[PDB]
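Okay, coords_26.txt now, which holds compact mmCIF, C-alpha atoms and all ligand atoms:
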```txt
# COMPACT_ATOMS: atom_id res chain seq x y z
CA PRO Z 43 0.00 0.00 0.00
CA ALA Z 44 1.08 3.57 -0.73
CA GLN Z 45 2.69 5.65 2.00
CA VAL Z 46 0.70 8.59 3.34
CA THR Z 47 2.52 11.40 1.52
CA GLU Z 48 2.97 9.48 -1.73
CA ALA Z 49 1.70 11.55 -4.64
CA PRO Z 50 -1.72 10.75 -6.14
CA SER Z 51 -1.65 8.91 -9.45
CA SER Z 52 -2.67 10.75 -12.61
CA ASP Z 53 -3.03 9.49 -16.18
CA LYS Z 54 -3.90 12.97 -17.53
CA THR Z 55 -0.48 14.50 -16.87
CA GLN Z 56 0.42 14.62 -20.58
CA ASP Z 57 -2.82 16.29 -21.70
CA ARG Z 58 -1.90 19.13 -24.02
CA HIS Z 59 -3.15 21.86 -26.33
CA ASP Z 60 -1.48 23.84 -29.09
CA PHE Z 61 -0.15 27.22 -28.02
CA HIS Z 62 0.01 28.48 -31.60
CA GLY Z 63 -3.12 29.04 -33.64
CA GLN Z 64 -5.31 31.69 -35.24
CA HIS Z 65 -6.99 32.06 -31.83
CA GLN Z 66 -5.53 31.86 -28.37
CA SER Z 67 -6.37 28.66 -26.55
CA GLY Z 68 -8.51 28.57 -23.42
CA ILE Z 69 -11.76 29.94 -24.90
CA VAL Z 70 -13.18 27.40 -27.35
CA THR Z 71 -10.84 24.87 -25.75
CA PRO Z 72 -12.80 22.36 -23.62
CA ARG Z 73 -12.68 23.69 -20.08
CA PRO Z 74 -10.54 21.55 -17.73
CA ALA Z 75 -11.17 21.02 -14.03
CA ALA Z 76 -8.92 23.79 -12.67
CA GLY Z 77 -9.06 27.49 -13.48
CA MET Z 78 -7.32 30.65 -12.37
CA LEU Z 79 -7.55 34.31 -13.36
CA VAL Z 80 -4.75 36.73 -12.47
CA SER Z 81 -4.84 40.46 -13.22
CA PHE Z 82 -1.55 42.35 -13.37
CA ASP Z 83 -0.28 45.90 -13.62
CA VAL Z 84 2.17 46.51 -16.46
CA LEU Z 85 5.28 48.16 -14.99
CA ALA Z 86 6.79 48.81 -18.43
CA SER Z 87 8.35 52.25 -18.84
CA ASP Z 88 8.22 52.47 -22.65
CA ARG Z 89 7.29 50.40 -25.69
CA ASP Z 90 10.57 48.46 -25.63
CA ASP Z 91 9.79 47.33 -22.08
CA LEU Z 92 6.33 46.26 -23.25
CA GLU Z 93 7.85 44.33 -26.16
CA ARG Z 94 10.17 42.52 -23.75
CA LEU Z 95 7.19 41.65 -21.55
CA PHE Z 96 5.22 40.36 -24.54
CA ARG Z 97 7.98 38.20 -26.02
CA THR Z 98 8.84 36.83 -22.57
CA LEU Z 99 5.22 35.86 -21.92
CA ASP Z 100 5.17 34.20 -25.35
CA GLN Z 101 8.27 32.15 -24.53
CA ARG Z 102 7.09 31.15 -21.04
CA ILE Z 103 3.54 30.21 -22.09
CA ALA Z 104 4.89 28.14 -24.99
CA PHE Z 105 7.12 26.01 -22.76
CA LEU Z 106 4.59 25.74 -19.93
CA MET Z 107 1.94 24.46 -22.34
CA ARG Z 108 4.41 22.04 -23.98
CA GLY Z 109 6.33 20.74 -20.95
CA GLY Z 110 9.79 19.26 -20.80
CA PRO Z 111 12.99 18.95 -18.79
CA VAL Z 112 14.15 22.12 -17.06
CA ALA Z 113 17.81 22.94 -17.68
CA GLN Z 114 20.14 22.78 -14.67
CA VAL Z 115 22.37 25.78 -13.95
CA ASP Z 116 25.15 26.81 -11.58
CA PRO Z 117 24.03 26.20 -7.96
CA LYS Z 118 25.13 29.71 -6.96
CA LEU Z 119 22.23 30.89 -9.17
CA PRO Z 120 18.54 30.46 -8.37
CA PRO Z 121 16.85 27.45 -9.96
CA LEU Z 122 15.30 28.00 -13.37
CA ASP Z 123 12.03 26.48 -12.15
CA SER Z 124 10.10 26.34 -8.89
CA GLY Z 125 10.12 22.53 -9.07
CA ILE Z 126 6.46 22.12 -8.07
CA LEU Z 127 5.86 19.67 -10.94
CA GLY Z 128 9.30 18.05 -10.71
CA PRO Z 129 12.47 18.28 -12.81
CA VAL Z 130 10.45 17.61 -15.99
CA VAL Z 131 7.47 19.95 -16.32
CA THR Z 132 4.23 18.29 -17.38
CA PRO Z 133 1.64 20.12 -19.51
CA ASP Z 134 -1.37 18.62 -17.68
CA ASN Z 135 -3.95 20.22 -20.01
CA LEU Z 136 -2.55 23.69 -19.29
CA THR Z 137 -3.60 26.71 -21.35
CA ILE Z 138 -2.62 30.32 -20.62
CA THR Z 139 -4.69 33.07 -22.25
CA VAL Z 140 -3.41 36.66 -22.37
CA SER Z 141 -5.73 39.68 -22.39
CA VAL Z 142 -5.03 43.42 -22.21
CA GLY Z 143 -7.09 45.88 -20.20
CA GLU Z 144 -8.35 49.35 -21.03
CA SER Z 145 -5.76 51.00 -18.77
CA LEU Z 146 -2.98 49.64 -21.01
CA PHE Z 147 -4.22 51.88 -23.86
CA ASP Z 148 -3.29 55.10 -22.04
CA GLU Z 149 -0.47 57.54 -22.92
CA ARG Z 150 2.20 55.08 -21.73
CA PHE Z 151 2.74 52.90 -24.82
CA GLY Z 152 1.10 54.89 -27.62
CA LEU Z 153 -1.58 52.26 -28.23
CA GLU Z 154 -4.49 54.62 -27.48
CA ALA Z 155 -5.46 54.95 -31.16
CA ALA Z 156 -5.83 51.16 -31.64
CA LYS Z 157 -8.01 50.34 -28.62
CA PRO Z 158 -10.87 47.92 -29.33
CA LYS Z 159 -13.99 50.03 -29.78
CA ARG Z 160 -15.88 48.34 -26.92
CA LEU Z 161 -13.00 47.96 -24.43
CA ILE Z 162 -13.86 50.10 -21.39
CA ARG Z 163 -13.00 50.07 -17.71
CA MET Z 164 -15.69 48.10 -15.91
CA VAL Z 165 -18.51 50.18 -14.42
CA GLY Z 166 -20.35 48.76 -11.44
CA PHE Z 167 -23.91 47.47 -11.76
CA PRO Z 168 -26.77 48.11 -9.29
CA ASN Z 169 -26.38 44.79 -7.46
CA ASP Z 170 -22.58 45.13 -7.28
CA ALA Z 171 -20.50 45.75 -4.17
CA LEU Z 172 -17.17 46.14 -5.95
CA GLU Z 173 -13.88 46.24 -4.06
CA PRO Z 174 -11.39 48.50 -5.90
CA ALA Z 175 -8.45 46.26 -4.96
CA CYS Z 176 -10.06 43.32 -6.82
CA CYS Z 177 -10.98 45.28 -9.97
CA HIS Z 178 -9.42 46.12 -13.34
CA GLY Z 179 -5.77 45.74 -14.34
CA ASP Z 180 -3.39 46.38 -17.22
CA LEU Z 181 -3.13 42.70 -18.19
CA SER Z 182 -4.98 39.50 -17.34
CA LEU Z 183 -3.74 35.91 -17.56
CA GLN Z 184 -6.18 32.98 -17.52
CA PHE Z 185 -4.70 29.69 -16.31
CA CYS Z 186 -6.68 26.50 -16.96
CA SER Z 187 -5.31 22.99 -16.40
CA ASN Z 188 -6.17 19.64 -14.84
CA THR Z 189 -4.95 20.66 -11.36
CA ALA Z 190 -4.54 23.87 -9.40
CA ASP Z 191 -0.91 22.96 -8.73
CA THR Z 192 -0.20 22.98 -12.47
CA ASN Z 193 -1.83 26.42 -12.56
CA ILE Z 194 0.08 27.70 -9.52
CA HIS Z 195 3.33 26.35 -10.98
CA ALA Z 196 2.53 28.24 -14.18
CA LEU Z 197 1.87 31.44 -12.22
CA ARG Z 198 5.16 31.05 -10.36
CA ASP Z 199 7.03 30.81 -13.67
CA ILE Z 200 5.48 34.03 -14.98
CA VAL Z 201 6.17 36.10 -11.86
CA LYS Z 202 9.69 34.67 -11.50
CA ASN Z 203 10.72 35.52 -15.07
CA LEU Z 204 8.96 38.93 -15.01
CA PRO Z 205 9.61 40.41 -11.54
CA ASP Z 206 10.19 44.02 -12.64
CA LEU Z 207 7.53 44.14 -15.39
CA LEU Z 208 4.47 42.51 -13.77
CA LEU Z 209 2.86 43.32 -10.42
CA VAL Z 210 0.00 41.04 -9.38
CA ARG Z 211 -3.09 43.16 -8.79
CA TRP Z 212 -5.68 40.51 -7.89
CA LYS Z 213 -6.33 36.83 -8.49
CA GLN Z 214 -9.06 34.22 -8.07
CA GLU Z 215 -8.77 30.46 -8.59
CA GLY Z 216 -11.62 28.02 -9.00
CA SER Z 217 -12.72 24.62 -10.23
CA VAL Z 218 -15.63 22.63 -11.65
CA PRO Z 219 -16.66 19.10 -10.58
CA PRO Z 220 -15.60 16.27 -12.89
CA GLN Z 221 -18.13 13.57 -13.73
CA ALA Z 222 -18.02 9.86 -14.48
CA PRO Z 223 -17.84 8.96 -18.20
CA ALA Z 224 -21.15 9.17 -20.01
CA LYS Z 225 -22.70 5.88 -21.04
CA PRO Z 226 -22.77 5.28 -24.82
CA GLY Z 227 -25.69 6.98 -26.54
CA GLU Z 228 -26.35 9.33 -23.62
CA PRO Z 229 -25.48 13.02 -24.12
CA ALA Z 230 -22.86 14.57 -21.87
CA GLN Z 231 -23.76 17.32 -19.42
CA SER Z 232 -22.47 20.76 -18.51
CA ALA Z 233 -20.65 21.06 -15.21
CA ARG Z 234 -22.57 22.20 -12.14
CA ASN Z 235 -21.95 25.40 -10.20
CA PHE Z 236 -22.04 25.92 -6.44
CA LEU Z 237 -25.79 26.57 -6.69
CA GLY Z 238 -26.31 22.95 -7.81
CA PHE Z 239 -27.44 23.76 -11.36
CA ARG Z 240 -25.80 22.77 -14.63
CA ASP Z 241 -23.86 25.78 -15.92
CA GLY Z 242 -23.40 26.41 -19.64
CA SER Z 243 -26.17 24.28 -21.18
CA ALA Z 244 -27.36 27.04 -23.54
CA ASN Z 245 -23.84 27.97 -24.66
CA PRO Z 246 -23.53 28.30 -28.46
CA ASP Z 247 -22.01 25.37 -30.32
CA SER Z 248 -18.24 25.66 -29.94
CA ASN Z 249 -17.90 23.16 -32.81
CA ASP Z 250 -19.70 25.58 -35.18
CA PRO Z 251 -17.02 27.94 -36.55
CA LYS Z 252 -19.70 30.15 -38.13
CA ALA Z 253 -21.35 30.54 -34.72
CA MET Z 254 -17.98 31.25 -33.09
CA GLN Z 255 -17.07 33.76 -35.80
CA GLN Z 256 -20.43 35.43 -35.08
CA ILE Z 257 -20.47 35.50 -31.26
CA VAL Z 258 -16.93 35.08 -29.92
CA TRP Z 259 -14.25 36.11 -32.42
CA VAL Z 260 -13.59 39.56 -33.84
CA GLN Z 261 -13.68 39.29 -37.60
CA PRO Z 262 -11.26 41.25 -39.82
CA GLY Z 263 -14.11 42.85 -41.76
CA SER Z 264 -15.66 44.39 -38.64
CA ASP Z 265 -15.40 47.97 -37.39
CA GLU Z 266 -12.74 46.94 -34.87
CA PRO Z 267 -9.04 47.76 -35.39
CA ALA Z 268 -7.41 45.54 -37.99
CA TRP Z 269 -4.86 44.12 -35.54
CA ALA Z 270 -7.62 42.90 -33.20
CA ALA Z 271 -8.88 40.29 -35.68
CA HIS Z 272 -9.44 36.82 -34.15
CA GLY Z 273 -9.36 38.31 -30.64
CA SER Z 274 -12.21 38.43 -28.18
CA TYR Z 275 -13.55 40.55 -25.33
CA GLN Z 276 -13.08 38.88 -21.94
CA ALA Z 277 -15.45 39.68 -19.07
CA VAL Z 278 -14.63 38.54 -15.52
CA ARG Z 279 -16.92 38.83 -12.49
CA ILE Z 280 -16.23 37.38 -9.04
CA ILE Z 281 -19.81 36.73 -7.93
CA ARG Z 282 -20.45 35.71 -4.33
CA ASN Z 283 -23.02 33.01 -3.59
CA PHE Z 284 -25.04 33.20 -0.37
CA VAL Z 285 -25.15 29.43 -0.28
CA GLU Z 286 -26.75 28.96 3.15
CA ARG Z 287 -29.74 31.11 2.21
CA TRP Z 288 -29.87 29.39 -1.18
CA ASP Z 289 -29.83 25.91 0.38
CA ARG Z 290 -32.76 26.96 2.61
CA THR Z 291 -34.74 28.00 -0.49
CA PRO Z 292 -37.50 25.65 -1.70
CA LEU Z 293 -36.66 23.64 -4.80
CA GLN Z 294 -39.58 25.01 -6.83
CA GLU Z 295 -38.38 28.53 -6.00
CA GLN Z 296 -34.84 27.63 -7.10
CA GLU Z 297 -36.06 26.30 -10.45
CA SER Z 298 -38.54 29.13 -11.05
CA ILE Z 299 -35.82 31.74 -10.45
CA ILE Z 300 -33.13 30.21 -12.67
CA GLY Z 301 -35.61 28.90 -15.24
CA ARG Z 302 -34.47 25.27 -15.47
CA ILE Z 303 -35.02 22.01 -13.61
CA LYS Z 304 -32.18 21.28 -11.19
CA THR Z 305 -31.75 17.53 -11.66
CA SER Z 306 -31.99 17.23 -15.45
CA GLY Z 307 -31.00 20.78 -16.39
CA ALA Z 308 -34.06 20.80 -18.65
CA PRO Z 309 -36.09 23.87 -19.60
CA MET Z 310 -39.42 24.36 -17.86
CA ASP Z 311 -41.25 23.18 -21.01
CA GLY Z 312 -38.84 20.39 -21.96
CA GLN Z 313 -37.25 17.17 -20.70
CA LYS Z 314 -33.48 17.15 -21.47
CA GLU Z 315 -30.67 19.64 -20.93
CA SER Z 316 -30.02 20.20 -24.65
CA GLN Z 317 -33.54 21.62 -25.14
CA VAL Z 318 -34.44 25.31 -25.23
CA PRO Z 319 -37.73 26.85 -24.01
CA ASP Z 320 -40.44 28.26 -26.28
CA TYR Z 321 -41.06 31.78 -24.99
CA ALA Z 322 -43.41 32.79 -27.83
CA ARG Z 323 -46.05 30.29 -26.70
CA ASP Z 324 -45.54 31.50 -23.09
CA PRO Z 325 -45.92 35.30 -23.29
CA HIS Z 326 -47.26 35.69 -19.74
CA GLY Z 327 -44.62 33.56 -18.01
CA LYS Z 328 -46.75 30.75 -16.61
CA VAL Z 329 -44.17 28.13 -17.65
CA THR Z 330 -40.94 30.15 -17.52
CA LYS Z 331 -41.16 33.25 -15.33
CA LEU Z 332 -40.56 36.58 -17.06
CA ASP Z 333 -37.88 37.25 -14.41
CA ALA Z 334 -36.12 33.89 -14.76
CA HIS Z 335 -32.35 34.03 -15.12
CA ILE Z 336 -32.23 32.36 -18.54
CA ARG Z 337 -35.29 34.26 -19.79
CA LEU Z 338 -33.77 37.59 -18.79
CA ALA Z 339 -30.33 36.65 -20.13
CA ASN Z 340 -31.80 35.46 -23.45
CA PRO Z 341 -35.28 36.47 -24.67
CA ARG Z 342 -34.55 34.22 -27.69
CA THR Z 343 -35.86 36.82 -30.12
CA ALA Z 344 -34.20 37.75 -33.41
CA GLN Z 345 -33.11 41.04 -31.82
CA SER Z 346 -31.39 39.11 -29.01
CA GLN Z 347 -29.23 36.76 -31.10
CA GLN Z 348 -26.70 39.62 -31.18
CA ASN Z 349 -26.44 39.39 -27.37
CA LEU Z 350 -25.32 35.74 -27.21
CA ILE Z 351 -22.12 35.00 -25.29
CA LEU Z 352 -19.75 32.09 -24.67
CA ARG Z 353 -19.67 31.42 -20.93
CA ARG Z 354 -16.66 29.64 -19.43
CA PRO Z 355 -16.90 29.95 -15.63
CA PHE Z 356 -15.44 28.20 -12.59
CA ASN Z 357 -16.71 27.67 -9.06
CA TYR Z 358 -14.59 29.51 -6.49
CA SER Z 359 -14.33 28.96 -2.73
CA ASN Z 360 -12.25 31.18 -0.45
CA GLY Z 361 -12.41 31.70 3.31
CA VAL Z 362 -15.36 32.11 5.67
CA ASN Z 363 -16.90 35.51 6.32
CA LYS Z 364 -16.88 36.75 9.90
CA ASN Z 365 -20.68 36.53 10.05
CA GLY Z 366 -20.23 32.74 9.84
CA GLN Z 367 -21.20 32.13 6.21
CA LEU Z 368 -18.90 30.68 3.57
CA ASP Z 369 -17.34 32.90 0.89
CA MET Z 370 -17.88 30.83 -2.25
CA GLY Z 371 -19.54 31.42 -5.58
CA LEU Z 372 -18.98 31.69 -9.33
CA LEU Z 373 -15.76 32.79 -11.02
CA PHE Z 374 -17.65 34.14 -14.01
CA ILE Z 375 -15.70 34.27 -17.28
CA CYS Z 376 -17.36 34.86 -20.66
CA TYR Z 377 -16.10 35.85 -24.10
CA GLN Z 378 -17.76 37.83 -26.89
CA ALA Z 379 -16.87 39.51 -30.16
CA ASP Z 380 -18.65 42.66 -28.90
CA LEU Z 381 -18.36 43.53 -25.21
CA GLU Z 382 -21.15 46.12 -25.24
CA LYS Z 383 -23.48 43.85 -27.22
CA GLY Z 384 -22.38 40.82 -25.19
CA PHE Z 385 -21.90 40.81 -21.43
CA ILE Z 386 -22.80 44.48 -20.89
CA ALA Z 387 -26.13 44.19 -22.70
CA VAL Z 388 -26.98 40.90 -20.96
CA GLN Z 389 -26.09 42.05 -17.44
CA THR Z 390 -28.25 45.13 -18.07
CA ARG Z 391 -31.26 42.88 -18.68
CA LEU Z 392 -30.40 40.78 -15.61
CA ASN Z 393 -30.40 43.88 -13.39
CA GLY Z 394 -32.94 43.42 -10.61
CA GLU Z 395 -33.41 39.71 -11.27
CA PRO Z 396 -34.74 37.58 -8.38
CA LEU Z 397 -31.41 35.72 -8.54
CA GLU Z 398 -29.73 38.84 -7.11
CA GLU Z 399 -31.08 37.87 -3.67
CA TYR Z 400 -28.30 35.24 -3.65
CA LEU Z 401 -25.59 37.05 -5.66
CA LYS Z 402 -22.97 39.67 -4.85
CA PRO Z 403 -20.39 40.62 -7.51
CA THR Z 404 -17.31 41.92 -5.69
CA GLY Z 405 -14.64 42.17 -8.40
CA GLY Z 406 -13.50 41.41 -11.91
CA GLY Z 407 -12.76 43.47 -14.99
CA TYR Z 408 -12.95 43.82 -18.74
CA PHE Z 409 -10.09 42.73 -20.99
CA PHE Z 410 -9.52 42.04 -24.68
CA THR Z 411 -7.99 38.65 -25.46
CA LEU Z 412 -5.21 39.21 -27.98
CA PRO Z 413 -5.32 37.34 -31.31
CA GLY Z 414 -3.64 33.98 -31.56
CA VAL Z 415 0.05 33.48 -32.24
CA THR Z 416 0.28 32.23 -35.83
CA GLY Z 417 3.66 30.57 -36.29
CA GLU Z 418 7.19 30.71 -34.93
CA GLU Z 419 7.74 34.32 -36.09
CA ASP Z 420 4.64 35.65 -34.30
CA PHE Z 421 4.38 36.20 -30.56
CA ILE Z 422 1.87 37.39 -27.97
CA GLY Z 423 0.75 40.91 -28.82
CA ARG Z 424 3.00 41.38 -31.85
CA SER Z 425 0.06 42.49 -34.00
CA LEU Z 426 -0.80 45.09 -31.35
CA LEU Z 427 2.76 46.47 -31.36
CA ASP Z 428 3.18 46.55 -35.15
CA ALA Z 429 -0.17 48.28 -35.76
CA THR Z 430 0.83 51.17 -33.46
CA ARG Z 431 4.44 51.73 -34.57
CA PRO Z 432 5.22 55.25 -35.92
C1 LIG Z 501 -23.10 37.64 -13.82
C2 LIG Z 501 -23.33 37.60 -15.14
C3 LIG Z 501 -24.11 36.45 -15.81
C4 LIG Z 501 -24.45 36.46 -17.09
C5 LIG Z 501 -24.13 37.59 -18.09
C6 LIG Z 501 -25.17 35.24 -17.38
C7 LIG Z 501 -25.70 34.88 -18.61
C8 LIG Z 501 -26.35 33.71 -18.90
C9 LIG Z 501 -26.82 33.31 -20.21
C10 LIG Z 501 -26.67 34.12 -21.51
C11 LIG Z 501 -27.40 32.12 -20.09
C12 LIG Z 501 -28.04 31.33 -21.26
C13 LIG Z 501 -29.55 31.50 -21.23
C14 LIG Z 501 -30.12 31.02 -22.54
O1 LIG Z 501 -29.43 31.16 -23.59
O2 LIG Z 501 -31.27 30.52 -22.55
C15 LIG Z 501 -27.33 31.71 -18.70
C16 LIG Z 501 -27.82 30.54 -18.16
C17 LIG Z 501 -27.62 30.10 -16.87
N1 LIG Z 501 -26.98 30.81 -15.86
FE1 LIG Z 501 -26.10 32.66 -16.05
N2 LIG Z 501 -25.24 34.50 -16.21
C18 LIG Z 501 -24.60 35.21 -15.22
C19 LIG Z 501 -24.46 34.79 -13.91
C20 LIG Z 501 -24.88 33.58 -13.39
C21 LIG Z 501 -24.68 33.13 -12.03
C22 LIG Z 501 -23.95 33.98 -10.96
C23 LIG Z 501 -25.24 31.91 -11.91
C24 LIG Z 501 -25.31 30.97 -10.67
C25 LIG Z 501 -24.69 31.19 -9.51
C26 LIG Z 501 -25.80 31.56 -13.20
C27 LIG Z 501 -26.45 30.38 -13.49
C28 LIG Z 501 -26.99 30.04 -14.72
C29 LIG Z 501 -27.66 28.79 -15.03
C30 LIG Z 501 -27.90 27.62 -14.05
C31 LIG Z 501 -28.04 28.83 -16.31
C32 LIG Z 501 -28.80 27.70 -17.05
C33 LIG Z 501 -27.82 26.75 -17.74
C34 LIG Z 501 -27.20 27.44 -18.92
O3 LIG Z 501 -27.88 27.57 -19.97
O4 LIG Z 501 -26.02 27.87 -18.81
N3 LIG Z 501 -25.57 32.60 -14.08
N4 LIG Z 501 -26.68 32.71 -18.01
```

Could you render the structure as structure tokens?
Amino acid sequence: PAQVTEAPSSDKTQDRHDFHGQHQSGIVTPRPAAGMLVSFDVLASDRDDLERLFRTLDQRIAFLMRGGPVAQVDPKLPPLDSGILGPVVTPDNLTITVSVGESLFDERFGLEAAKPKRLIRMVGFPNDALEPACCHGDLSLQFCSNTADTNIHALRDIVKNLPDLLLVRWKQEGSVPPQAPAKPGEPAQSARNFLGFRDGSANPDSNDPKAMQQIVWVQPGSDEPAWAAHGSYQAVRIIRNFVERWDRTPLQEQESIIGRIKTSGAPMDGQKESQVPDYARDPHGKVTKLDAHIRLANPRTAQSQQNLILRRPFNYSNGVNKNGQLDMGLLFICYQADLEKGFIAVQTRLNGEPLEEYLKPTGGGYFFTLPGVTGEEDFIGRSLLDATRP
């Protein structure tokens, strides 16, 4: 039998994803079990310092996502790697996604003229209780992998190799519950959040490139800057869950507020999770309440298909509040080709929803995910630099 401190066995340690591609990974990539979002301040003095930060991030993310033996150096020097994952780094399904904030487009690096048209500093919503220390940032990194230790090891590599260029503003890790393999012929399910409901059922088809080019990815023919093609707006919201009050809530109230059955994830007029409700035949809200979460987030009209988003959240759990209740909730992360048409328009409709009785957004921010690195001569943010050079 294994000794107490012997490491747990994993067969997913060589899971991997391409770093290069037209898009950055970690958006349409299948979401792994561990997630982490770190927001930084860019300490770069000029554009050359920003270029060094970009090319360094490109080199570090490429190796971290590929894995391999870490070179050994003179013992008088610090180790090249933290060693959390051993002498040979394992990918372990890791993806690191880079996004730039609105504050980066100030007078510091001359990028003000090429800012994405809908990239703004996040403004608080009526139900928000935002903490300024956990809001905004020059740059955001999204770490997703099979384990939090792979994520934390990836964070340690970034901060070690960029000590004078990156200052960590705020961070929030999270996870989703894995499930047993689906039996043949039975459709798989979305992961459940800390409210007990399946999260992401009505997400657009990530296998439909036309749908992704319509909802998620900035297209070159749009009114956005030319460099921003194949990027995406990233919205982050740390939303608290008042789980004790929610667990005391009757089941029928839970389902009538969200708009879906808890067990099956089905719509109020359907039977399976993959089904969508028919609002036109229910104009008064007898089946699905007019203030349901999914009904408010998606009226499913023709005028609302421009407000669809790709949600990619995690469930977070921190300490315990002094009042006695647990600080846990949803690490909300969603992507959209248009931030104003996407998250901003949807959250506006959700304002005042009966779900707000159990929600409390306390932080997050808006960022624009840079386009993907296409080849060995491209790097993270090169298109942004070249489009703004005098
Ligand atoms: C804070 C910003 C949020 C936005 C913009 C948002 C948006 C959406 C959207 C667009 C849908 C799809 C509805 C449809 O297409 O029919 C949805 C569904 C859903 N949301 Fe949210 N949501 C947010 C927060 C939350 C939170 C905090 C929770 C729970 C703690 C939650 C739980 C759910 C559930 C259970 C569903 C049904 C399953 C699904 O289709 O994903 N949402 N939401």

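The coordinates place CA of residue 198 (chain Z) at 21.1 Å from CA of residue 175 (chain Z).
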
List every protein, DNA or RNA residue with an atom no more than 7 Å from (-9.6, 51.4, -20.8) in the file's coordinates, counting all atoms listed in the file, and format the result as a VMD selection string. chain Z and resid 143 to 147 161 to 163

For the selection just defined, write its residues with C-alpha atoms to a file, as a PDB file, keeping the file's coordinate frame.
```pdb
ATOM      1  CA  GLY Z 143      -7.090  45.880 -20.200  1.00  0.00           C
ATOM      2  CA  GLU Z 144      -8.350  49.350 -21.030  1.00  0.00           C
ATOM      3  CA  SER Z 145      -5.760  51.000 -18.770  1.00  0.00           C
ATOM      4  CA  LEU Z 146      -2.980  49.640 -21.010  1.00  0.00           C
ATOM      5  CA  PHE Z 147      -4.220  51.880 -23.860  1.00  0.00           C
ATOM      6  CA  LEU Z 161     -13.000  47.960 -24.430  1.00  0.00           C
ATOM      7  CA  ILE Z 162     -13.860  50.100 -21.390  1.00  0.00           C
ATOM      8  CA  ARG Z 163     -13.000  50.070 -17.710  1.00  0.00           C
TER       9      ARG Z 163
END
```

Can you build me a table of chain Z residues sitting at most 7 Å from ligand LIG 501 (chain Z), with the closest atom pair per residue and its distance in Å to one decimal, using only C-alpha atoms and all ligand atoms, sorted by chain and residue number, as a tab-separated table?
```
residue	atom	partner	partner_atom	distance
Z:235	CA	Z:LIG501	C25	6.4
Z:236	CA	Z:LIG501	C25	6.6
Z:237	CA	Z:LIG501	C25	5.5
Z:239	CA	Z:LIG501	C30	4.7
Z:240	CA	Z:LIG501	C30	5.3
Z:241	CA	Z:LIG501	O4	4.2
Z:242	CA	Z:LIG501	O4	3.1
Z:243	CA	Z:LIG501	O3	3.9
Z:244	CA	Z:LIG501	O3	3.6
Z:245	CA	Z:LIG501	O3	6.2
Z:279	CA	Z:LIG501	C1	6.4
Z:281	CA	Z:LIG501	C22	5.8
Z:283	CA	Z:LIG501	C25	6.4
Z:300	CA	Z:LIG501	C30	6.0
Z:302	CA	Z:LIG501	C32	6.4
Z:307	CA	Z:LIG501	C33	6.9
Z:318	CA	Z:LIG501	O2	6.7
Z:335	CA	Z:LIG501	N1	6.3
Z:336	CA	Z:LIG501	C13	3.9
Z:337	CA	Z:LIG501	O2	6.1
Z:339	CA	Z:LIG501	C10	4.7
Z:340	CA	Z:LIG501	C14	4.8
Z:350	CA	Z:LIG501	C10	6.1
Z:351	CA	Z:LIG501	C10	6.0
Z:371	CA	Z:LIG501	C25	6.5
Z:372	CA	Z:LIG501	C22	5.7
Z:374	CA	Z:LIG501	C1	6.5
Z:385	CA	Z:LIG501	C5	5.1
Z:388	CA	Z:LIG501	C5	5.2
Z:389	CA	Z:LIG501	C5	4.9
Z:401	CA	Z:LIG501	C22	6.3
```

Residue nearest residue 285 (chain Z) - candidates Z:402, Z:304, Z:326, Z:252, atoms counted: all atoms listed in the file: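 Closest residue, counting all atoms listed in the file: Z:402.
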
Could the residues of region 116-150 of chain Z that have an atom at most 10 Å from region 72-77 of chain Z be listed as a Markdown table, each with its closest atom pair and the distance in Å to one decimal, counting all atoms listed in the file and ordered by chain and ascending residue number?
```
| residue | atom | partner | partner_atom | distance |
| --- | --- | --- | --- | --- |
| Z:134 | CA | Z:74 | CA | 9.6 |
| Z:135 | CA | Z:74 | CA | 7.1 |
| Z:136 | CA | Z:74 | CA | 8.4 |
| Z:137 | CA | Z:74 | CA | 9.4 |
```

Taking only C-alpha atoms into account, which of Z:349, Z:277, Z:324, Z:188 comes nearest residue 52 (chain Z)? Z:188

With distances taken over all atoms listed in the file, which of Z:309, Z:341, Z:361, Z:263 is nearest to residue 322 (chain Z)? Z:341

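Using all atoms listed in the file for every distance, the candidate list Z:234, Z:342, Z:157, Z:102 yields Z:102 as the residue closest to residue 202 (chain Z).
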
Compare Z:60, Z:311, Z:419, Z:191 by their minimum atom-to-atom distance to residue 128 (chain Z), counting all atoms listed in the file, and give me the closest one. Z:191

Using only C-alpha atoms, which residue out of Z:107, Z:338, Z:400, Z:366 lies closest to residue 290 (chain Z)?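 Selected residue with least distance to residue 290 (chain Z): Z:400.
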
Around all of region 280-287 of chain Z's listed atoms, make the axis-aligned box with 3 Å on each side and tell me centre and edge lengths in Å to one decimal, as JSON.
```
{"center_x": -23.0, "center_y": 33.2, "center_z": -2.9, "size_x": 19.5, "size_y": 14.4, "size_z": 18.2}
```

Taking 4 positions as the minimum chain separation for residues in the same chain, which residues sit within 12 Å of residue 254 (chain Z) when counting all atoms listed in the file? Answer as a ChimeraX atom specification. /Z:65,69-70,245-250,258-261,272-274,350-352,377-379

Counting only C-alpha atoms, find residues at most 12 Å from (-0.9, 25.7, -11.5) (file frame) and give them as a VMD selection string. chain Z and resid 75 to 80 106 to 107 124 to 127 131 to 138 184 to 200 215 to 217

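Across the model, the gap from CA of residue 171 (chain Z) to CA of residue 406 (chain Z) is 11.3 Å.
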
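Interatomic distance, CA of residue 67 (chain Z) to CA of residue 139 (chain Z): 6.4 Å.
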